[PDB]
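Undergrad: Right, I'll just put the structure down here and ask away after.
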Amino acid sequence: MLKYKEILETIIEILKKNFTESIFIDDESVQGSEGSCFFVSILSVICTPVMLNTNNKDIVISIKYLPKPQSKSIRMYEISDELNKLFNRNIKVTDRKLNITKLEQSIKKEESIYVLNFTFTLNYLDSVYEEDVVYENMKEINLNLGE
Amino acid sequence: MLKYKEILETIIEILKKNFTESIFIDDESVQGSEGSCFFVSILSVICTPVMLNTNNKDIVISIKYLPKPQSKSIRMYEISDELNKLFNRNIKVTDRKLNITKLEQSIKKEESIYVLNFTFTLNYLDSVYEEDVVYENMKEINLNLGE
Amino acid sequence: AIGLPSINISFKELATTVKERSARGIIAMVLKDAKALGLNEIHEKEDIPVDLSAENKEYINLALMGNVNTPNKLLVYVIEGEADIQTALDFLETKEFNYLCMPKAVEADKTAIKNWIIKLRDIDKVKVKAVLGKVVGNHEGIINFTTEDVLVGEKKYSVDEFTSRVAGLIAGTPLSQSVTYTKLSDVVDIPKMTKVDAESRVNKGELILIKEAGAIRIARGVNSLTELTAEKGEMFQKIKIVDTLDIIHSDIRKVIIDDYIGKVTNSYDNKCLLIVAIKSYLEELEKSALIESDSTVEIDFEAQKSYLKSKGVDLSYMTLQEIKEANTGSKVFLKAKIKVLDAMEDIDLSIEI
Amino acid sequence: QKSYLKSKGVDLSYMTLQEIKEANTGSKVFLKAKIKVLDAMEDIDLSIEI
Amino acid sequence: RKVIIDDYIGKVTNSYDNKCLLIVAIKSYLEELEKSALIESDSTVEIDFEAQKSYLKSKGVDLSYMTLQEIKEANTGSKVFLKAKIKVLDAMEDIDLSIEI
Amino acid sequence: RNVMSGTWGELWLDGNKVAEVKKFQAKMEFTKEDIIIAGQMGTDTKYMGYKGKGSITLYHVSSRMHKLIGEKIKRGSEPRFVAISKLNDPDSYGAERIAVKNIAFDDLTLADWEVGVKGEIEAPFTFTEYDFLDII
Amino acid sequence: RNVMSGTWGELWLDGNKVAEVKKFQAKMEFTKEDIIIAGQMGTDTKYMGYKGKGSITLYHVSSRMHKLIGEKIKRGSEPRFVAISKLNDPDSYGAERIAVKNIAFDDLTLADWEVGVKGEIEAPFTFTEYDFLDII
Amino acid sequence: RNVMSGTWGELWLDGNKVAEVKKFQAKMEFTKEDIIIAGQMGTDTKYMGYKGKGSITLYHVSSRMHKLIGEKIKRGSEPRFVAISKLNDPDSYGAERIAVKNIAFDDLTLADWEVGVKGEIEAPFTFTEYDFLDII
Amino acid sequence: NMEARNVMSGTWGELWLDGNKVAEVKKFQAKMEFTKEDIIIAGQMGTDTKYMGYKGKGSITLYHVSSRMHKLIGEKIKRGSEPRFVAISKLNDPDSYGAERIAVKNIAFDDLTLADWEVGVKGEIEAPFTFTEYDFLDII
């Protein structure tokens, strides 16, 4: 089908092109980094059967910005306004444009620092197609009359 | 009826065939394991009477992946996309195909690490059939006329 | 490709619009004499080869008249007087026929004829019938008849030569009705025999001739199948039912071999289409009131289960629907249950004053 | 249009059909038409049942 | 044959309307022949659907989507297929008469 | 044995498989007339006939419904269709097939859409007679 | 003593036990006519008769309802049925049985299904007379 | 392949693009008459015609609807309009266009507002005939 | 044999009056009433009838699109000369077996409506007529 790794790599590629700061996926990197760094991950996936063969899937994607010097809070709003432009309507992966139904962001206090959380939801229909087996030709077809 | 152990063993067998990493059920093993290991358990079971003899049962099954080296976060998404194929529509236990109504997964932060949680719901009707007792033949059947 | 422009007008007769499928009425008879060696099919009574002997001519005459209608087709094989038993049969195998009678009915021929009939009816799935005098084999294919010293036309006939007339009588009758309890006027006189003897013979042995009321008539004309099996049942003992079943089997074999072999791949959908075609054929048979209306055809669960067991699938537990749609492979197994209408033979009526 | 875009080095190994139909062709426009031409009757067949 | 060769060959296009006109002309000729008591007027002329289906399947197009009525109106190229049924009269030659006294 | 689920529903319309489908429904209403018999308080009823009704719901993947009837309706000729519905649940005991014949549609939806909502199309219909296949 | 629960409900239709059943209901409506008597403000009513109504709801395990009436309805002959309902709660004081007779069905549901929903079938009906057994 | 979303909806009214639009809807109801044929229990129907209905919903950015019909209606001359709706989803296979002709509006909303609520205007209409473009 | 679609619909009817097509037609009707006399025969209880003649009546209904009906007869009625007209009605339903076309000749109108209007009500005109002769064309 449409593997999640492809979507994740596409988002990482976009963020790598646009922003100079490093992008990490695992927690040890964001702890070890000496400067501000992005964090990208898939939050939740909900699959619902709507057809005999197709499924309705909703994907929520979370982007975080963690400023380590912590004196660069205005840069957070700058990055938010820059981010808002890239994800207007849809994103393109394996040439299948996925509608972005909603955009939500919030600034909350985590631990002793303030971080930016940016989320959006994708919606698309994906289906499984089972393998087709080749059958032999029929010969010597007999019937019995029990009654 | 349909024992839960059979369903659990079927799921463990599928995961053992597909993935090389070890699968554990108890907490001491996942704490003691030196590498990434799966965790499989039955989350909740809800029974509702819909007939004189049958019951409607909903089963929620949880699969967890805990990467201990913690530098293998991309392997988490790889395992998620691999898992998505095995549990498309239904699973087969004691030759009774059980419909899978919904698929839900999420990546959250637990303790100091990030883990993958994968859930799905099964729905089927199960019934109890009481024992039948053999009765004696009737003889010397008398009636009294009180009035 | 491109040719000269042309206009063509065609005139043809109206179509008969009858399928005709397998042949319904056709008789085969073998007799041993020196002349006219080989097959001599007889279209009608007027043309009889003169080289045949007088006794053979009388045998032809016995085989000629039918109970209700003249026989549709008569195939006669001429075998030499000393000629081997086997060769005639093997030659006839190539041709298709419905009924076989051997007027000599020598005790040597009965065993080979019975065995050959069984071999076709079981091994080769070819439905054929043979009528012989003193055969005891109670297979549904074998028809056995016994009546002593019958005198027809101020001359005495033996049982064996009269079996030819009996076979012609059976073959003449249409499928809709039965030969049971019918009057034949040619037989002027019969040996005397009581009703109790006739009942004792019919209940176990061959069909026999009896005299009652105005004329001498057949008595409960049925094939003798005294052994009973759960699959065959009692209905297989009656001659009309088994004849109708054999006609159905041969016709459906022709229909199957025409189109639904080797031409298309076998899938569950193809099996459903085949079942639909057979169902339509059975409905058409019902339209003429040969069988019952509500006959049903479905996949043979038992045969497919046995075949899958032979393949080592080990279906100790498996869903029924999955078995009915499993991967059979080269073969297709079907089972049909039908009901065959029988002519009225016994009537009960009660009146209150 | 697919051939022309291939000549331009777009490398549309994967690309949506609708996007190809509305892509930036440039100076040229490519069209295809399917029509059916009526032909005078030349051969006639007729069958009659008595 | 004479009428067809003289009039309808090479002079008009092959379309459903032209086929209908040719059918009407043939039917008119049959009606003309009827008054001579040679044949009966019940005769009908219509498009042979089987021949058209055979022609289309020989071409190889897929006729599943088109409606059954549409198949008759489908283009048939140069070929034209027609179907007719008639009944031919005869003079009385055998007479059976029975009277009841 | 389990109640057969509606997920495993397939529909063929005029010999063409309808891949996109959400609901199918066919129903039969009998027409009854009240009759009062002298001496009886109970009011018995007489069966006079029946009428067929049903509807189909499907996602708006393609303009399937237009091609069938849009051109013909304006011309004044009404087309009649045949539909087959097969419901085969692996858990259930068996599969049943219904042949609903002589179908006439009540309405045609040219276009319908709303911002943020996936297209959904439903079409009621009426039918006269039916044939039954593959009983359970 | 406790109110008898609806879980312990059993229904026999034409002598065959209906294993799959969700609800059963039988009811009796009286027909009353308003009569005004001179000198009285109160408006008294006269009893003129009754009509019987009810419905059954059951899961779509099998094509039970088709075999009963589907073939007969098209031919024009209406069948009449007899149903028995027994409600036996172990907590309650006793069990009661109702014999509802001369039942005629209002509709027949050939097929109905929706994605993700278990099949459910309901069928209204009307009846004329009843007999009562095993009073409480 | 995906179901076309309603977000990518564009509407042209009388050759002028309607930038502000929320919903569009066009529909066709057929008129059927019940006919009972002797000897048949089924009740077949005859097609007698059709009627067109639809509605538009848009935000109250400007007084667009007034300029079209407000002056003409009071004078007694009814104007007829032509509308085109195009639905082009990038995910979907293609785009379809509908030409709905001879449109007559049912009502005119001079003013409507409520405290704390953005202005929203909807207007039903009826149409006679249609033309179809860019099939899918 | 019988199918519901075959029943003809009145939407497809059309009318020509005096060789001109009348587009704003609502309904057309023509009928022939036979005149019969009761005759009693001696010895028979059943009363029999004798057919003696026929009389034709009909009517036309049409929307008040234009003042067509005035121009035909308004002045000639005052002058004392009564006009006569010929009407042709053709009913052609595509589902039906075929179209039928009946021509009605020697038409004389019963009345003329100068003006008939009411507020809030669309205009309509109805005119009954009597005819004498008719011919058949293209009947099924």
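By order in the structure tokens, chains are A, B, ...; within a chain, residues start at 1; ligands start at 1, following the order shown.
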Could you please tell me, as a PyMOL selection string, which residues of chain D have an atom within 12 Å of chain E when using only C-alpha atoms?

TA: chain D and resi 36-50

Undergrad: Give me, as number ranges by chain, the residues of chain B touching chain F, with the criterion being at most 7 Å (counting only C-alpha atoms).

TA: B: 96-97, 125

Undergrad: Enumerate as a PyMOL selection string all residues of chain E assigned to alpha helix (DSSP H) by DSSP on the backbone, naming them with the chain letters and numbers the document uses.

TA: chain E and resi 2-3+16-34+49-59+68-73

Undergrad: Do a neighbour search on residue 269 in chain C at 12 Å with only C-alpha atoms, toss out local chain neighbours closer than 5 positions, and write the hits as a list in words.

TA: residues 135 of chain A; 264, 274, 275, 276, 324 and 325 of chain C

Undergrad: For residue 81 in chain C, work out the shell of residues within 7 Å, counting only C-alpha atoms and skipping chain neighbours fewer than 4 positions away, then give it as a PyMOL selection string.

TA: chain C and resi 32-34

Undergrad: For residue 117 in chain H, list every protein, DNA or RNA residue within 12 Å, evaluated using only C-alpha atoms, and leave out those in the same chain fewer than 3 positions away; present the list as a list in words.

TA: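 Those residues are residues 59, 60, 112, 113, 114 and 120 of chain H.
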
Undergrad: To one decimal place, how far is CA of residue 96 in chain I from CA of residue 7 in chain I in Å?

TA: 6.5 Å

Undergrad: Residues of chain C that have any atom at most 12 Å from an atom of chain F: could you tabulate them with the shortest-distance atom pair and the distance in Å to one decimal, using only C-alpha atoms, ordered by chain and increasing number, as JSON lines?

TA:
{"residue": "C:272", "atom": "CA", "partner": "F:134", "partner_atom": "CA", "distance": 10.0}
{"residue": "C:275", "atom": "CA", "partner": "F:134", "partner_atom": "CA", "distance": 11.2}
{"residue": "C:276", "atom": "CA", "partner": "F:133", "partner_atom": "CA", "distance": 10.1}
{"residue": "C:279", "atom": "CA", "partner": "F:133", "partner_atom": "CA", "distance": 11.7}
{"residue": "C:296", "atom": "CA", "partner": "F:134", "partner_atom": "CA", "distance": 10.9}
{"residue": "C:297", "atom": "CA", "partner": "F:134", "partner_atom": "CA", "distance": 11.0}
{"residue": "C:298", "atom": "CA", "partner": "F:134", "partner_atom": "CA", "distance": 9.8}
{"residue": "C:299", "atom": "CA", "partner": "F:134", "partner_atom": "CA", "distance": 11.9}
{"residue": "C:318", "atom": "CA", "partner": "F:91", "partner_atom": "CA", "distance": 11.7}
{"residue": "C:319", "atom": "CA", "partner": "F:90", "partner_atom": "CA", "distance": 8.6}
{"residue": "C:320", "atom": "CA", "partner": "F:93", "partner_atom": "CA", "distance": 7.7}
{"residue": "C:321", "atom": "CA", "partner": "F:94", "partner_atom": "CA", "distance": 6.3}
{"residue": "C:322", "atom": "CA", "partner": "F:90", "partner_atom": "CA", "distance": 8.2}
{"residue": "C:323", "atom": "CA", "partner": "F:94", "partner_atom": "CA", "distance": 11.6}
{"residue": "C:324", "atom": "CA", "partner": "F:94", "partner_atom": "CA", "distance": 10.1}
{"residue": "C:325", "atom": "CA", "partner": "F:94", "partner_atom": "CA", "distance": 11.2}

Undergrad: Could you list, as a PyMOL selection string, every residue of chain B that has an atom within 12 Å of an atom of chain A, counting only C-alpha atoms?

TA: chain B and resi 67-90+99-121

Undergrad: Could you turn the residues from that selection into a file that holds N, CA and C atoms, as a short mmCIF file (atom, residue, chain, number, x, y, z; two decimals), in the first residue's frame?

TA:
data_model
loop_
_atom_site.label_atom_id
_atom_site.label_comp_id
_atom_site.auth_asym_id
_atom_site.auth_seq_id
_atom_site.Cartn_x
_atom_site.Cartn_y
_atom_site.Cartn_z
N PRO B 67 11.84 -0.43 21.67
CA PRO B 67 13.22 -0.46 21.18
C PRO B 67 14.19 -0.02 22.27
N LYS B 68 15.02 -0.95 22.74
CA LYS B 68 15.94 -0.69 23.84
C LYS B 68 17.18 0.10 23.42
N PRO B 69 17.82 -0.21 22.28
CA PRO B 69 18.94 0.65 21.85
C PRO B 69 18.53 2.09 21.63
N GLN B 70 17.26 2.32 21.28
CA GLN B 70 16.62 3.63 21.21
C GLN B 70 17.16 4.49 20.07
N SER B 71 18.16 4.02 19.33
CA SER B 71 18.66 4.69 18.14
C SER B 71 18.03 4.13 16.87
N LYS B 72 17.07 3.23 16.99
CA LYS B 72 16.46 2.53 15.87
C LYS B 72 15.02 2.96 15.65
N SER B 73 14.75 4.27 15.76
CA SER B 73 13.38 4.75 15.70
C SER B 73 12.73 4.51 14.35
N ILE B 74 13.50 4.54 13.26
CA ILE B 74 12.93 4.27 11.94
C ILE B 74 12.44 2.83 11.86
N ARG B 75 13.10 1.92 12.58
CA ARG B 75 12.64 0.54 12.62
C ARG B 75 11.24 0.44 13.20
N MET B 76 10.85 1.39 14.05
CA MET B 76 9.49 1.41 14.59
C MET B 76 8.47 1.60 13.48
N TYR B 77 8.71 2.57 12.59
CA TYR B 77 7.79 2.80 11.48
C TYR B 77 7.82 1.63 10.51
N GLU B 78 9.00 1.05 10.29
CA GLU B 78 9.08 -0.15 9.45
C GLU B 78 8.20 -1.26 10.01
N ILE B 79 8.29 -1.49 11.32
CA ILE B 79 7.52 -2.55 11.94
C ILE B 79 6.03 -2.24 11.89
N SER B 80 5.67 -0.96 12.03
CA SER B 80 4.26 -0.58 11.93
C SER B 80 3.71 -0.90 10.54
N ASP B 81 4.44 -0.51 9.49
CA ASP B 81 3.93 -0.76 8.15
C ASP B 81 3.89 -2.25 7.83
N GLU B 82 4.85 -3.02 8.35
CA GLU B 82 4.80 -4.47 8.18
C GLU B 82 3.60 -5.06 8.91
N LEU B 83 3.32 -4.58 10.12
CA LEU B 83 2.21 -5.10 10.91
C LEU B 83 0.88 -4.83 10.24
N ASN B 84 0.76 -3.68 9.57
CA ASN B 84 -0.54 -3.29 9.01
C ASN B 84 -1.07 -4.33 8.02
N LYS B 85 -0.19 -5.09 7.37
CA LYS B 85 -0.64 -6.03 6.35
C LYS B 85 -1.24 -7.30 6.94
N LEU B 86 -0.71 -7.78 8.07
CA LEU B 86 -1.11 -9.08 8.58
C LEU B 86 -2.54 -9.09 9.10
N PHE B 87 -3.03 -7.96 9.59
CA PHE B 87 -4.32 -7.92 10.27
C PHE B 87 -5.34 -7.08 9.51
N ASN B 88 -5.43 -7.27 8.20
CA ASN B 88 -6.30 -6.46 7.36
C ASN B 88 -7.77 -6.57 7.74
N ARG B 89 -8.35 -7.76 7.60
CA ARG B 89 -9.79 -7.92 7.75
C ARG B 89 -10.18 -8.83 8.90
N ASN B 90 -9.60 -10.02 8.99
CA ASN B 90 -9.98 -10.96 10.04
C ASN B 90 -8.82 -11.91 10.32
N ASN B 99 -14.28 -10.90 12.73
CA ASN B 99 -14.16 -9.62 12.05
C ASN B 99 -13.36 -8.63 12.88
N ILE B 100 -12.52 -7.84 12.21
CA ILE B 100 -11.75 -6.78 12.85
C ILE B 100 -12.44 -5.47 12.51
N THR B 101 -13.11 -4.88 13.50
CA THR B 101 -13.91 -3.69 13.25
C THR B 101 -13.08 -2.43 13.11
N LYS B 102 -11.95 -2.34 13.80
CA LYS B 102 -11.20 -1.08 13.82
C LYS B 102 -9.73 -1.35 14.11
N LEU B 103 -8.88 -0.49 13.55
CA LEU B 103 -7.44 -0.52 13.78
C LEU B 103 -7.01 0.84 14.29
N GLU B 104 -6.31 0.86 15.42
CA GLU B 104 -5.82 2.10 16.01
C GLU B 104 -4.42 1.90 16.54
N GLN B 105 -3.53 2.85 16.25
CA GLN B 105 -2.17 2.82 16.78
C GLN B 105 -1.76 4.24 17.13
N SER B 106 -0.79 4.34 18.04
CA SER B 106 -0.30 5.64 18.46
C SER B 106 1.11 5.49 19.02
N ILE B 107 1.90 6.55 18.87
CA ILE B 107 3.25 6.61 19.41
C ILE B 107 3.27 7.66 20.50
N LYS B 108 3.53 7.24 21.73
CA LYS B 108 3.56 8.13 22.88
C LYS B 108 4.87 7.95 23.63
N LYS B 109 5.14 8.89 24.53
CA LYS B 109 6.33 8.84 25.37
C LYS B 109 5.99 8.17 26.69
N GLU B 110 6.63 7.04 26.96
CA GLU B 110 6.48 6.32 28.21
C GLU B 110 7.83 6.28 28.91
N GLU B 111 7.86 6.70 30.17
CA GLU B 111 9.10 6.79 30.96
C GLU B 111 10.05 7.71 30.21
N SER B 112 11.26 7.28 29.88
CA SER B 112 12.21 8.11 29.14
C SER B 112 12.38 7.67 27.69
N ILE B 113 11.51 6.80 27.18
CA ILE B 113 11.65 6.25 25.85
C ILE B 113 10.35 6.42 25.09
N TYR B 114 10.42 6.20 23.78
CA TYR B 114 9.27 6.23 22.89
C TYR B 114 8.96 4.81 22.44
N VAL B 115 7.69 4.42 22.54
CA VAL B 115 7.26 3.07 22.18
C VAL B 115 6.07 3.16 21.23
N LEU B 116 5.83 2.07 20.53
CA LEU B 116 4.72 1.96 19.58
C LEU B 116 3.64 1.06 20.17
N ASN B 117 2.40 1.55 20.16
CA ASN B 117 1.26 0.80 20.65
C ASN B 117 0.31 0.55 19.48
N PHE B 118 -0.05 -0.72 19.27
CA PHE B 118 -0.88 -1.12 18.15
C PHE B 118 -2.07 -1.90 18.70
N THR B 119 -3.28 -1.46 18.36
CA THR B 119 -4.50 -2.06 18.89
C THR B 119 -5.48 -2.35 17.76
N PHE B 120 -6.30 -3.38 17.98
CA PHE B 120 -7.42 -3.66 17.10
C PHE B 120 -8.51 -4.35 17.91
N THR B 121 -9.73 -4.31 17.38
CA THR B 121 -10.90 -4.82 18.08
C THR B 121 -11.52 -5.96 17.30
#

Undergrad: Only residues of chain F matter here; which ones have an atom within 9 Å of chain E, counting only C-alpha atoms? Give them as a PyMOL selection string.

TA: chain F and resi 14-16

Undergrad: May I have the selected residues written with C-alpha atoms, as a compact mmCIF listing (two decimals), in the first residue's frame?

TA:
# COMPACT_ATOMS: atom_id res chain seq x y z
CA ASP F 14 -26.94 -4.79 -15.34
CA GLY F 15 -24.05 -7.25 -15.35
CA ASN F 16 -21.44 -4.68 -14.27

Undergrad: Work out how far CA of residue 64 in chain F is from CA of residue 116 in chain F, in Å to one decimal.

TA: 22.6 Å

Undergrad: Using only C-alpha atoms, find each residue in chain I having at least one atom no more than 9 Å away from chain F; report its shortest atom-to-atom pair and that distance in Å (one decimal), rows by chain then rising number, as a Markdown table.

TA:
| residue | atom | partner | partner_atom | distance |
| --- | --- | --- | --- | --- |
| I:5 | CA | F:78 | CA | 7.9 |
| I:93 | CA | F:76 | CA | 8.2 |
| I:94 | CA | F:77 | CA | 6.4 |
| I:95 | CA | F:77 | CA | 6.2 |

Undergrad: Write the residues of the preceding selection, restricted to N, CA and C atoms, as a PDB file, in the first residue's frame.

TA:
ATOM      1  N   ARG I   5     -45.410   0.524 -19.657  1.00  0.00           N
ATOM      2  CA  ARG I   5     -44.828   1.595 -20.460  1.00  0.00           C
ATOM      3  C   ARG I   5     -45.639   1.876 -21.718  1.00  0.00           C
ATOM      4  N   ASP I  93     -46.327   8.613 -28.705  1.00  0.00           N
ATOM      5  CA  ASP I  93     -45.583   8.293 -27.496  1.00  0.00           C
ATOM      6  C   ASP I  93     -44.464   7.328 -27.844  1.00  0.00           C
ATOM      7  N   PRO I  94     -43.200   7.659 -27.567  1.00  0.00           N
ATOM      8  CA  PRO I  94     -42.102   6.770 -27.979  1.00  0.00           C
ATOM      9  C   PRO I  94     -42.213   5.350 -27.450  1.00  0.00           C
ATOM     10  N   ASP I  95     -42.711   5.159 -26.229  1.00  0.00           N
ATOM     11  CA  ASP I  95     -42.846   3.804 -25.706  1.00  0.00           C
ATOM     12  C   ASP I  95     -44.010   3.054 -26.338  1.00  0.00           C
TER      13      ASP I  95
END

Undergrad: What lies within 10 Å of residue 121 in chain C using only C-alpha atoms, ignoring chain neighbours under 4 positions off, as a PyMOL selection string?

TA: chain C and resi 115-117+125-129+139-141+246

Undergrad: Work out how far apart CA of residue 85 in chain C and CA of residue 49 in chain C are and give it in Å to one decimal.

TA: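 CA of residue 49 in chain C lies at a distance of 23.1 Å from CA of residue 85 in chain C.
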